[PDB]
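This document contains two forms of one protein chain, each encoded as structure tokens and listed individually as structure 1 and structure 2.
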Structure 1
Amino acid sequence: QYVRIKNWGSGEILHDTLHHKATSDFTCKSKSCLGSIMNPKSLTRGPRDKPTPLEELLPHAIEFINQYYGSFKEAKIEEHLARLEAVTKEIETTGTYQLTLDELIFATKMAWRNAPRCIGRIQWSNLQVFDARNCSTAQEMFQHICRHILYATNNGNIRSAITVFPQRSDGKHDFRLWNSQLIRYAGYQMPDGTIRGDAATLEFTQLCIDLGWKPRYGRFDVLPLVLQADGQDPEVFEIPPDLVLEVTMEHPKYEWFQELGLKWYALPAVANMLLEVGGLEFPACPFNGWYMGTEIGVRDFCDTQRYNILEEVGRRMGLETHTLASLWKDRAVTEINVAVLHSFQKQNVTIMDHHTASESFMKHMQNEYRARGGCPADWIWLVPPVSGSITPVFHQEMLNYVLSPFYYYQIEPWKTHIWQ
């Protein structure tokens, strides 16, 4: 009927009626490249009630196994056949099937390798996999998560890793982390009308409060891990402060910068994503990489929907804040960016600047193209929020497409969960 278009800044929504009057075929699509959309139904893998139908599951499984065994330099045909046989049988026996460890590993790397929105993909071969498939309780999830957060952090020398929880069974016994990302500050709507902390985590914070969380009312309060096992409702577990490594922000020239009382966690771990592989899907499998400066300096600190520090950092620099054309914003942000990179380097916490990051991705694309003849890339995401064309990936044409295995988005669990 119409398309819902949201402006992530004002949160305002618009209804596009015009697209119906489109000509014929546009680029690969007919009447609209909705590539600009954040959460398209196409990048999401929702709920269930019934298991994955055998006729579908079987081929998908066979496909994935052909991918796996076709991988190794010198194919183990017998084992390839043997595995195909063993899987077909196991599928027609249980209704689902289990992956060998080396399969999940290969899976997870390929899924990452197939994530069109990730720029750190040149690191695809170096990934740690925590097999939590045999897990069964919320408490057990928590213990696994802590181990991950521990291993990942490694005292600043951040390590990429993913902890895969139990796969999907029927569709009502799902393990799901309700948080956006492993570590994430809270946002509270204060009495005097203002907002404190991360305004993005406002709705989620209230949820934590509703599940009886102790609101510490601050600017950098690490939110609690909201876990749900095998269908069972979400149990709230607080992350051990000793596990949350942070970096306090300080500029190499502007000493008044640390007076801002800014800091940010060192661990970027995406929590709420689903892993599809060979017909199987793991709705709980948090992964982490390492920060890329611009994420914190530009997005986290300078967005209106986030901490929104730009006005202040601009003022303390003595810039013409009431004159857009003075490019004070361009000046401030860059300094905030240097602050972050500096503060991370100083406190020996792994981080990469967007330029070095883009240059390594371009190299990756070449390796990827020469290797498998392609590389799914979402330009909109791959190009940094600042210094776009000063970066190589801006002048690079890309093809955005969904392969498999793949890391899909999911429906926020609190909207579709049946309470008990």
Structure 2
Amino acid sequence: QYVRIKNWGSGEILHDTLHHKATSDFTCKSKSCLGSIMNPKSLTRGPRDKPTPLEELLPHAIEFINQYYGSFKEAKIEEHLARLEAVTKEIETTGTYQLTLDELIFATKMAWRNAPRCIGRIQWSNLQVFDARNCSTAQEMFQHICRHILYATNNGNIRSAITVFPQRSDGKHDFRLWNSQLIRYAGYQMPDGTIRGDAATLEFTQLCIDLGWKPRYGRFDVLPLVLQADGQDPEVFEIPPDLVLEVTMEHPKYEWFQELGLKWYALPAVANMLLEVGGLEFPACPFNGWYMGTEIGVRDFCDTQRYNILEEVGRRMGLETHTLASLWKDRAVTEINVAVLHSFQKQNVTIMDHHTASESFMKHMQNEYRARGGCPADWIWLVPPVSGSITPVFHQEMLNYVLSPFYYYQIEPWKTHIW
């Protein structure tokens, strides 16, 4: 039957039944738990080589179709059976099917709604879908992406959107965005061992340069897009600087802050994930939403593996920077989140603090349970990198399963690409 789940802060108990509809085996073994593994194969969907077997495509297809029409308040039996027949023919005749633009909008919000590591899923039904399935060239991809960045950025009033490029076929003509985020900074590795810019993109940065891009060697050089259409080699496209919106970080109290010289783009859009729906796969479909404070303040700026500015901020706060026990890091990182949240609102770019996010998620989780008796949640990712216990999510038990549709990771294109 169900799986009992409890929140220790409110004592409220829940029953998770939805997991019953999970696809394959997840990351965990019967006798061992690998829930802290970041990039597990259970969460990845790699390179295809031939069409996907009709035997398995048709089953999945019927599954989705049924799920779609099931979404409806008071169904359309006629319509439902009609499309059911209509899709089978197509598969039989063509080898694959196509989703009605509406079924794709449904597919994109469900895949989101089913993302265990997302804390903003309360917004799941507010998604702008840009159908670019008819696309055929890098030049065209680039245009669609510019349209998206402009729409999504909304002069600062962020809007959630996703651009759905062509579905995969034989897997030999895949559409891919070699980037990992539409807008992101470059990571260079100065001769003297030093790493300047964003260490997390050191490797991708290199490739870009290897593809003709000109390295401007600086902490905030926005990388160019690296588009791949119909499975051809990639082409490098510079984004119109007028389209990239950045926030200059400044502290509502510490004016010494500006001197740190810290800015950060205002649009968070993942460009390297695969949408899976009804047995179909779209290896290229960038999507955005808005930021949650901590993403920038705590992880981007403080991670030692990222911009690592936690000591500098402390020194400039005149803190016992050599006495771990003093809790100076707890002091630093917080003022830093204050700069980040204030620097966004000041300039009026949509931003969301982590206490509120953590809160809307419980509301969402409450709905998902009354709605469909279940909500795939990855506790490790859903809990903020700061304030753990201080947030309601922390005291909430969850179950983490992969349903369908879903947003999978993929393998670095430059790794599985026949040039």
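Residues that one form lacks are left out of the comparison. In this text, rigid core is short for the largest set of C-alphas that superpose within 1.5 Å between two forms. Residue positions are counted from 1 along structure 1's sequence.
Which single residue of 28, 54, 371, 380, after superposing the core, moves its CA by 2 Å or more between structures 1 and 2?
Looking at each option in turn, only one qualifies, and it is 28.
Can you give the angle in degrees by which the smaller rigid part turns relative to the larger between structures 1 and 2?
Comparing the two forms, the minor rigid body swings through 179 degrees.
If the core is used for the superposition, what shift in Å does the C-alpha of residue 192 show between structures 1 and 2?
Superposing on the rigid core gives a C-alpha shift of 2.6 Å for residue 192.
Superpose on the rigid core and then read off how far the CA of residue 17 has moved between structures 1 and 2, in Å.
Taking the core as reference, the C-alpha of residue 17 is shifted 35.0 Å.
Considering only residues modelled in both forms, extract each run of at least three consecutive residues whose CA displacement is 2 Å or more throughout between structures 1 and 2 after core superposition, in sequence order.
Those runs whose C-alphas all shift by 2 Å or more are 1 to 29, 191 to 193.
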